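Chemist: give me a model of this one.
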Amino acid sequence: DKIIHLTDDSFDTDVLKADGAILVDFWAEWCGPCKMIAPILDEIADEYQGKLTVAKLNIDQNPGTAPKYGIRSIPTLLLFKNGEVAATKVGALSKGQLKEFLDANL
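Modeler: Residues are numbered from 1 along each chain as shown. The protein structure is shown below:
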């Protein structure tokens, strides 16, 4: 709904050239912890509307981007501000913890 669906080719304009904070979830359908956090991202997107944009990159349909960031495992969340990584988080976490993680960087 409010989650931007990324591609290797949309990444630059959607993430690097965007205004304000962007959380990007690197994920894949066969990744258990990834599916575990998928619904929390939908809720975060609605809730932080105006302060943050939430976005997903499926690494199977889009194999280009992950390596540019030295991503080793999934899920990995990168928080972008003004085209640079501000913070990252590897592996699953709760909704509550994700709010803590974002408040720490916004």
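
Chemist: give me every residue that touches residue 72.
Modeler: Residues near residue 72 by Cβ atoms under 8 Å, 6 or more residues apart in numbering: residue 90. For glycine as for every other residue, the C-beta is placed from the backbone atoms N, C-alpha and C.

Chemist: the same query, at a cut-off of 7 Å, please.
Modeler: Counting by Cβ atoms under 7 Å, 6 or more residues apart in numbering, residue 72 makes contact with nothing.

Chemist: got it, and residue 31?
Modeler: By Cβ under 7 Å, 6+ apart, the neighbours of residue 31 are 74-75.

Chemist: for the closest residue in space to residue 104 that isn't next to it in sequence, grab phi and psi.
Modeler: Counting by Cβ to Cβ, 6 or more residues apart in numbering, residue 104 lies nearest to residue 87, which is 7.2 Å off, once chain neighbours are set aside. Dihedral angles phi and psi of residue 87 (degrees, to the nearest 10) take the values phi -160, psi 150.

Chemist: surely residue 87 is in contact with residue 80?
Modeler: No: with contact defined as Cβ atoms under 7 Å, residue 87 does not count as touching residue 80 (9.5 Å).

Chemist: now the spatially most central residue of the chain: which helix or strand?
Modeler: Centroid check for the chain by Cα atoms, centre = their mean gives residue 24 as the closest residue, at 1.6 Å. When elements are assigned from DSSP states H and E, residue 24 belongs to strand 21-27.

Chemist: that strand pairs with which strands, parallel or anti?
Modeler: Taking DSSP bridges as the criterion, strand 21-27 forms sheet pairs with strand 52-58 (parallel), strand 76-81 (antiparallel).

Chemist: could you list the buried residues of the shortest one?
Modeler: Put plainly, it is strand 76-81. For strand 76-81, a neighbour-count test (16 or more other Cβ atoms under 10 Å) marks 76-80 as buried.
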